[PDB]
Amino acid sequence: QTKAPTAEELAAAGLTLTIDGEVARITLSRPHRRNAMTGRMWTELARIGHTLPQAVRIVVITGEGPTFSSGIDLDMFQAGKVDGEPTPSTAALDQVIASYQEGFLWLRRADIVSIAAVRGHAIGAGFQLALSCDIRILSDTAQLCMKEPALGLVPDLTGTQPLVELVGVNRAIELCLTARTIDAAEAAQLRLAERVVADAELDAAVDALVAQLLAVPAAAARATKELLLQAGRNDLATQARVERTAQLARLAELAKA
């Protein structure tokens, strides 16, 4: 919108947002349903993204309760409304899915560092939300599962690309085509978690990471993330040119100050 979602509107969609200076914390807030996700949840995540204050540069996504997210609410695969919105002509459906994917795409923005702090299960859409973030910090209780193929579906919430980046195509095939669940130890071995900590220490681990990030100047953090996101698809000559162009802008700003 132009208007940021209100706390009341977010509560109706199963979310909480708090902002403290440069840090925004989004909490999945349907513990009674193990933070199962709905269309409304996804479109409100997109609206949070589109309306975040310019000063926010770090976004932490957490769940309430012991489970990060059990994935799509199973009510979404029936006729009636969910979270007040009507569930899932082909063009229409395509537009709807695109609208949901917007809730995950913004987590890649160069001007934020997005962090998923995952306890318990992150299943399907929930795994994809965690994959969509820059960084994952897992509790030792975390369990990850790309469940969609077991349901007859593909992963369509933008998780395929980060999965392949993290684990390689071959392991991605094995995880997705078995739809198996992996524990935090395995997740760490496969580079799916940047850090694994004891459950009781997850909030402190997130806070420590946030403090490290805040200590690096915002503009250099943003420029560097933008460079890193381009590096895999550019040839080396091109990437060197992109790097130097970015450095010229940093030097120009530092000269102004």
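Each residue number is its position in the shown sequence, starting from 1.
According to the entry, the deposited sequence has 4 to 9 residues without coordinates between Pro88 and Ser89. Taking the mean C-alpha B-factor of each stretch as recorded, 11-19 and 233-241 are not equal, and the higher mean is that of 233-241.
Mean CA B-factor, 187-195 versus 29-37: the higher value falls on 29-37.
Looking at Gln101, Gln78, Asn170, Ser132, the one whose CA carries the top B-factor in the deposited record is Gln78. Ranked by C-alpha B-factor against the other modelled residues of its chain, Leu163 falls in the lowest third. The entry lists a Cα temperature factor for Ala110 that places it in the middle third of the chain's modelled residues. When the CA B factors of the chain's modelled residues are split into thirds, the value for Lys225 lands in the lowest one.
Ranked against the other modelled residues of its chain, the C-alpha B-factor of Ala46 as given in the entry falls in the middle third. Compared with the other modelled residues of the chain, the Cα B-factor recorded for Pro155 ranks in the middle third.
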